[PDB]
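**Student:** Following this message is one structure expressed as structure tokens.
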Amino acid sequence: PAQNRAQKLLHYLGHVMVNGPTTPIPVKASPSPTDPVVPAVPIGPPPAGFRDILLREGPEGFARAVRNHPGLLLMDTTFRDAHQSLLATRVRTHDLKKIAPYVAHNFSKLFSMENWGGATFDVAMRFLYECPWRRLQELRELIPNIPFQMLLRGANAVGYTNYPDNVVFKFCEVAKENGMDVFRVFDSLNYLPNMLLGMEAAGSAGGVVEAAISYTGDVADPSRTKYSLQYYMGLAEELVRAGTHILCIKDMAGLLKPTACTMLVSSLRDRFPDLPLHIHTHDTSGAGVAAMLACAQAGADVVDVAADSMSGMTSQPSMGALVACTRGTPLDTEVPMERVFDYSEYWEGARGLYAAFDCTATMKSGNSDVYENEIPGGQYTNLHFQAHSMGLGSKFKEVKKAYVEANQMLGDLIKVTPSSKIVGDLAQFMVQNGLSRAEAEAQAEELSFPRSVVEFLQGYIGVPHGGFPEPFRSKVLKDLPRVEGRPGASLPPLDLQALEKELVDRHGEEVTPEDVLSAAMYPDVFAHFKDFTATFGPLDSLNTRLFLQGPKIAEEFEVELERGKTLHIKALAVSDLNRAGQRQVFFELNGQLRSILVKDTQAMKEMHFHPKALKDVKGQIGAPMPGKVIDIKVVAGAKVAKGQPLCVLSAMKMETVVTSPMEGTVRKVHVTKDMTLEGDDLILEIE
Amino acid sequence: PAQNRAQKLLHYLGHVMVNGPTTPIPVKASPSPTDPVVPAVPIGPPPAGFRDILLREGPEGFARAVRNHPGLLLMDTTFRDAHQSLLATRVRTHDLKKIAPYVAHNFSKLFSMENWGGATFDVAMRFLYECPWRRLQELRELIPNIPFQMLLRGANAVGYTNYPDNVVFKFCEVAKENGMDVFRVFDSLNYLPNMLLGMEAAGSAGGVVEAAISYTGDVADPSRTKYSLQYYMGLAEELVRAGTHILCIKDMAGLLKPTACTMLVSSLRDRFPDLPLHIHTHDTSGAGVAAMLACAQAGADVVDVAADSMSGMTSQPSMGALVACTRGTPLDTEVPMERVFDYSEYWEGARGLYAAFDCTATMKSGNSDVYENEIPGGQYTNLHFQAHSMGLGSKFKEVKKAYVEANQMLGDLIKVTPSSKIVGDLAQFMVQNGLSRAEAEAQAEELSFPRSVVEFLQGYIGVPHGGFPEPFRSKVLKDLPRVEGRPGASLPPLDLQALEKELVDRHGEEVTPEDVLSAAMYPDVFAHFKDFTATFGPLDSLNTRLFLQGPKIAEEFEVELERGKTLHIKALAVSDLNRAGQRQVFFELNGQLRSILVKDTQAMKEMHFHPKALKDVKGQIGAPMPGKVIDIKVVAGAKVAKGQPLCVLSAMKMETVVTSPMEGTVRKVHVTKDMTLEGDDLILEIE
Amino acid sequence: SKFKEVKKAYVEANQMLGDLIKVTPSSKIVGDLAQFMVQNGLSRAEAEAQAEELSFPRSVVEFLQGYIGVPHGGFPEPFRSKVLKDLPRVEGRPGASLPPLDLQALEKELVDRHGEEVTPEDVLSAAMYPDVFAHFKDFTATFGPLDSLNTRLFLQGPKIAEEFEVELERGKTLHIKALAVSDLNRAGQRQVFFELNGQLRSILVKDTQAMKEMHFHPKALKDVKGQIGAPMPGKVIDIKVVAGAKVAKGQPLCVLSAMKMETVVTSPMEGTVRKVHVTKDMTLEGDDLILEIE
Ligand SMILES: O=CCCCC[C@@H]1SC[C@@H]2NC(=O)N[C@@H]21
Ligand SMILES: O=CCCCC[C@@H]1SC[C@@H]2NC(=O)N[C@@H]21
Ligand SMILES: O=CCCCC[C@@H]1SC[C@@H]2NC(=O)N[C@@H]21
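Protein chains in written order, with the deposited numbering: chain B, 492 to 1178; chain C, 492 to 1178; chain A, 885 to 1178.
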């Protein structure tokens, strides 16, 4: 088969010129017209770093070298969890690669760089249309000397549901083979059985196991008894007994006050004198720099930081602030400040390309109300964008109050992905329906809760500390199936060879083990990603502005496909609509005229949505959210029981089962499969 | 005379609809369409505060009460220097008054609130067209219980030049009569003779004298010998001997590292156990919260903070962060966090009205390069806007480097207004002319330096620590007059009664002592302010959006002129241009049609700019900056000596004397009085 | 685009009608028939052969009934008998059988409806042209003496900033300047601003062009004899039948008023009216479905 990359790229550029951005843009901001300036890099291999120790001496040798290090070690999250928080994980492989050689040379003493895990895996395929594994591989070649770190969920890997154990093990194996070094293993509820599986999978792969305790509450507040200092110490003892190489405290919201830092970290050091202590926080409160200095003074070996232009607010504390504040003390990081400035300078320019995703569109600074609401950095940005998309943007203060009430109703569980989303959906549901906590708990048998909340209460994410809230769980679930113990333990092993064969039969002989694991964790996303890249080619070759907005008429630019293969492209014109609903886009490619035809949907728009459900008529079932009808479970003339499934709506990437509020006969169904509904659109009538 | 306020306001609104904003807008951002939500205030008088102690027991009683306070006292800079830093001092009296009753009730324990210092005085009259004294009086009425604080320059009051001593004394007297309580007395060079005059003037008025030492350098760095710990201790001893009630450390740039905080503040406490210590910083580095916590732990009694939405970056540290971090410690501020949140929320909304002036248009976060460049918060924002206006915006990195070089060339003087501006002009001049420091020092006899640099070298701002840089000063000044000692000491007393009579003759019998002092300090600004308010009336009654952008067609709004006198105004239409170059604007006012005639310069605005100076022809004198010709000192046929004044240009609010580079005969003058010149426009020819 | 075919059909229509003199209104009668023939793709022969089945225009029917007098040589037979069927025929002079109009009763009706300024000229104008005269009085009651305006102002109105003079009576001139037109208010009106004799005056006038929005669903299948389409664009004046009514062939079904001519739509078949798709005052396009017959 002849490769047609250049034409596929021109087809993408022509598609963006006719139809607009293929990635959903949350705010009316434009990318910077200027590409970021890459700082000068020395000619040669980078200096030896902590990875060279890890490769020579293994995970235990690396952990001893970290503990024995004189000073505060630093780790870079800019690559992942700094943008996850600030720009909705939209930073692309293109921009990461440009600065990677500078990082390798000037930051060779970093403990690790956290460029992988969390939301980056799904987001790369679904929204950036790039392979997360190729990003890892390319970056690994660029940074041969710094350990790569990922955020791993213990029994779910990087996915949103539980997987069979053999998928989690095979994912950690293939991640290590592809150059992942450190696995930060956490659970969204600190549910030890999920963490132990992820630790065993990462350790069996030959990775550095970093067991991460998610922090919530306040250990310095004696009124907060559920998440006390004793809770954290007891969980640390179980994770150390399970053979963690490094112990992490993951403060996903920025709740660690300097006094709580001092108390928790000194207690952990006194208990575990030889174990490396890694502290992660967010600067959401504007106190994260002070919190990390207090951790370092209390005997933390490592702290998470971001590049200064990618720090603060819902991100990590500033790298330059920590380096400057520790300079000339026993905690000196030995990082030259000039190198931090050049690094932040590049990201300041690069962040300008992502203005369309920047959290500063909605949040101008850190906010201390995080000590009340306990909303994690990445959840705050997402919950605001969701509230605005649902017409609740003016009520976002009510949504934050309802988030506290929803956390309590759910039982004050730790709030990190996906538990932070479960609390967020419940909070939006309460505000949308005008319901206080007491009303929502009283009516729990009558209300149709968000799927996530239902799946949580069923046990699909593990068991929360202190157990599930009763009688609230029993009222919501009724007769719905309950998962006891670890949800992955009852799943049959996935046949990865059968899946590989299915993928080869579909996409041809170029299917890799990484493709099989991507399909195993994210089947619909991976299928869409392969179909999209089959149509549009290697979009990672485009600069971020051209990827997001396409070229302007008469704009000229270069695209490097491979070393020594540059495309000189100029956009010339877009035609009027032809009789086939297509517009012809004209380009110059390497001094030659080229034309591609792209269909325009925005050229003509005309839908109609008549149905409406009277709020006072119990038999009229309205759509509980804007969404697409996936499935219709009933027909006209069918008898239905109270709580019986009627239809399935798919909105905001969540199947919601619409259930009957009464017993009766379905008089009429007003909806069809694949129909798009607005809120309160009449689904069906019951008599 | 019949009052015509409503018509004057409609004339302003019609003027803004036809001609655009009367205040210069630096960035293409629009004010928020929504006014800020004012939090609920209790009905009654506010609780007793520190002012009640000051009024009962005098300045020494107040200082003892501050020292004896258990915990860390907090002061609010949001009213001034929080916006001075973030929004170019553009916050108006309208928005300050709306939140003032909430501040009085919920923050009654503040040490002080600092709203009258520095630029607010000039900016209120020149750009907001409001009386700074009326702001002070109104705010005092709404906040009877919290001490008001101002930033006072010692021998210059709030002005930009030195004044006769009787003007500085009379200013402090009338400021105290109008309800100013605390005078933060500083000098831009820490020049003790200027500080002593300001301390004596504030003390003689019956104010609380707070002597403020401006911080530069690093006391924790043993390589920095000029501004050592011994320098600060020696100056503190002289200011304590001079009878300061409170000692302030003013870190105008955010240079105080936590280690330097600990060392400086403990040394000051150990030497002065009974003296209140007040620490001011900026969060420019992102370390300001950690710096203020270190000061409080080292025995500071008071720290400067801003409301959370008005904190960080070039502003003060976050109030909510300091309150949260000190909670339940011996340093607890006793401020309820819920009250800080409600205060921050209002400001977030209010800051949205000032989006057109927000430093976030140019700086997205704090920057640690402040430890190298030492640029103060308000100077950073101004220097960037100036660099962009001069076409140097893409070179702002070169301007920051040249700022370090200019500081060294000038002798590493303290950098705060106006010395921070003097270094800024020199830095822009160096970058504009492509000069290194060595070239600028070598050519110092041939170059035409910025007036501010010349006036500094003459001694018009006082004497820098270590003296002026020689031979550089002697080369720049040549035969220009030098001021020895204190510049105000040689000025004859200003006849304030003669000035009052001149103002009564020109403006009528309503001239107040505040008007006389405003004219004495700022004659041209005050004259323009009186002429503008005579035309357009009380613009402080308009909300900030209507003040900046005017009303939209068909927009309806309310204007309260006085208690129980509301104007209901609706904008209806704007006509085409009449034969007199005017456009008729139609309003409804209290249900009645009203029409005003407003001119539109924008329509006919045309001009031509022919002159140009060949860079290679020494006899062709080009304009060194865009500016207006104020004065022409020479005619065609005149003999001119090298260095002789040729013309005076007035650009960026700075008279620049253009001087002859050679001896010769003026062949031709190409410019006229009031002519606007671009850069390099030919002024004259010399043979 | 078919005006050449219309001119040819005018010759054919004149012959079919009997080559009568062609002047108002007989020239219009030939013109309607010619347009009807071209619109329906009919030759003279086909139109004469199908004369019992076709719904001819009203002017042609009223001519054949004798309402304009008797043509030289008499009416064309059998064509007249086929078109008229059982329709009433006027013999002799049509005015001779009309009862005298009571002009004093009409004068009193006009005084009661328009006030005491009714003249003998107004009575005769109403007697000859009742609907036109009523509309003319209502229009001039609203807008005043439009004969005082120059033609350009009458047809197109003034431009913005245009100044002009209007003489109402000898020595009574009104200098008038148009100043502005506002946006649409919540009542569907736009405020127009004038200067009148140096004084600003404002009038609130409604705009229909602001939001016309109509829908036209009905259509008559040409092959379905029971589907009765509108024979022309027109307004429904009257509906003579209801759903469930038995109708005979040639029975009146509705009255359309288009081009200033009431056209009676008649049944092409005997049957039962299954459904009526139109309402009184409804505007129809050509071929819009009026009703169904089974
Ligand atoms: O729009 C759909 C969701 C996109 C991913 C959101 C990520 S999942 C990781 C992180 N945790 C959350 O609760 N949200 C973000
Ligand atoms: O545009 C002209 C200057 C406007 C005032 C600038 C103020 S003066 C106080 C502060 N210090 C500076 O250097 N700039 C600001
Ligand atoms: O638009 C409707 C008809 C307007 C009058 C037409 C006149 S009546 C006198 C003359 N004879 C005709 O056949 N037409 C014109």
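Don't be surprised by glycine CBs; every beta carbon is placed ideally from N, CA and C.
Among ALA935(A), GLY979(A), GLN934(A), which residue has its Cα nearest to the Cα of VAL954(A)?
**Tutor:** Nearest C-alpha to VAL954(A): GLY979(A).
**Student:** Measuring only the C-alpha atoms, how far is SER1066(A) from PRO515(C)?
**Tutor:** 32 angstroms
**Student:** Is the beta carbon of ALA778(C) less than 9 angstroms from the beta carbon of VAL780(B)?
**Tutor:** yes
**Student:** Return no unless some Cβ of chain A is closer than 9 angstroms to the Cβ of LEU1063(C).
**Tutor:** Chain A contact via Cβ: present.
**Student:** Within this structure, are the beta carbons of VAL1120(A) and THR1156(A) separated by less than 9 angstroms?
**Tutor:** no
**Student:** Considering only heavy atoms of ligand 1, does any lie closer than 8 angstroms to the CB of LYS1043(A)?
**Tutor:** Checking the Cβ of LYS1043(A) against ligand 1 gives no.
**Student:** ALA1010(C) CB to nearest chain A CB: under 9 angstroms?
**Tutor:** no
**Student:** Can you grab the Cα-Cα spacing for the pair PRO983(B) / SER599(B), in whole Å?
**Tutor:** 43 angstroms
**Student:** Please go through the same chain and pick out, in chain order, the residues whose beta-carbon is closer than 8 angstroms to the beta-carbon of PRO1115(B), but skip the five residues on each side of it.
**Tutor:** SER939, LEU1140, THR1147, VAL1149, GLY1170
**Student:** Going by beta-carbon coordinates alone, are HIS771(C) and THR568(C) separated by less than 9 angstroms?
**Tutor:** In contact: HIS771(C) and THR568(C) (Cβ atoms closer than 9 angstroms).
**Student:** Check whether the Cβ atoms of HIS585(B) and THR1026(B) lie closer than 9 angstroms to each other.
**Tutor:** no
**Student:** Residues bridged to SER603(B) by DSSP?
**Tutor:** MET566(B)
**Student:** List the whole-angstrom C-beta distance separating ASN858(C) from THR775(C), where the pair is believed to meet the contact cut-off of C-beta under 8 angstroms.
**Tutor:** 7 angstroms
**Student:** Since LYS1061(A) sits in a beta bridge, which residues does DSSP pair it with?
**Tutor:** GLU1047(A), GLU1079(A)
**Student:** Is it the case that the CB of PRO909(B) approaches a heavy atom of ligand 1 more closely than 8 angstroms?
**Tutor:** yes
**Student:** Following the continuous beta strand (DSSP E) through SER776(C), name the residue where it begins and the one where it ends.
**Tutor:** Looking at the DSSP string, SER776(C) is not in any beta strand (DSSP E), and its letter there is neither H nor E.
**Student:** Return the Cβ separation of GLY734(B) and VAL700(B) in integer angstroms, given the expectation that the two are a contact with Cβ distance under 8 angstroms.
**Tutor:** 7 angstroms
**Student:** Please list the segments of the alpha helix (DSSP H) lying wholly inside the segment 797 to 873 of chain B, counting only runs of 4 or more residues, in order along the chain.
**Tutor:** 810 to 817, 828 to 844, 861 to 864
**Student:** Which residues in the same chain have their Cβ closer than 6 angstroms to the Cβ of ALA615(C), if we skip the five residues on either side of it in sequence?
**Tutor:** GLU621, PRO623
**Student:** How many angstroms separate the CA atom of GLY609(C) from the CA atom of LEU784(B)?
**Tutor:** 34 angstroms
**Student:** Figure out for me which residue from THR1035(B), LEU1008(B), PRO1152(B), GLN1075(B) has the closest Cα to the Cα of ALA935(B).
**Tutor:** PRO1152(B)
**Student:** Could you check what DSSP says for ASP1091(C) in three-state terms: helix, strand or coil?
**Tutor:** coil
**Student:** Can you give me the Cβ contacts of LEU1063(C) inside the same chain, cut-off strictly under 8 angstroms, excluding the 5 residues immediately before and after it?
**Tutor:** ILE1044, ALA1045, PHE1077, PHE1078, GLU1079, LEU1084
**Student:** Identify the continuous beta strand (DSSP E) that holds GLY1113(A) and give its terminal residues.
**Tutor:** 1111 to 1113
**Student:** Within 10 angstroms of the Cβ of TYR845(B), are there 16 or more other Cβ atoms? Answer buried if so, exposed if not.
**Tutor:** The residue is buried, with at least 16 neighbouring Cβ atoms inside 10 Å.
**Student:** Hey, out of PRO533(B), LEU1008(B), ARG542(B), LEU971(B), whose CA is closest to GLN640(B)'s CA?
**Tutor:** Ranking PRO533(B), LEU1008(B), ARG542(B), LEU971(B) by Cα distance to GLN640(B) puts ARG542(B) first.
**Student:** Please go through the segment 921 to 973 of chain A and give each complete alpha helix (DSSP H) segment of 4 or more residues, from N-terminal end onward.
**Tutor:** Listed in chain order, they are 928 to 933, 942 to 949, 963 to 968.
**Student:** Any chance the CB of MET1143(C) is under 8 angstroms from a heavy atom of ligand 2?
**Tutor:** yes
**Student:** Going along chain B in order, which residues have a C-beta closer than 9 angstroms to the C-beta of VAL780(C)?
**Tutor:** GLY777, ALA778, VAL780, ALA781
**Student:** Confirm, please, whether the CB-CB distance from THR750(B) to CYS816(C) is below 9 angstroms.
**Tutor:** yes
**Student:** Would you tell me roughly how many angstroms separate the C-alpha atoms of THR1024(B) and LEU1030(B), rounded to the nearest one?
**Tutor:** 8 angstroms
**Student:** Would you tell me roughly how many angstroms separate the C-alpha atoms of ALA933(A) and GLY976(A), rounded to the nearest one?
**Tutor:** 28 angstroms
**Student:** At the level of alpha carbons, what is the spacing between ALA579(C) and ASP709(B)?
**Tutor:** 39 angstroms
**Student:** Within this structure, are the beta carbons of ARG762(C) and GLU728(C) separated by less than 9 angstroms?
**Tutor:** yes
**Student:** When DSSP builds the beta bridges, which residues end up paired with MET641(C)?
**Tutor:** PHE674(C)
**Student:** Where do the ends of the alpha helix (DSSP H) carrying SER758(C) lie?
**Tutor:** For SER758(C), the enclosing alpha helix (DSSP H) begins and ends at 749 to 762.
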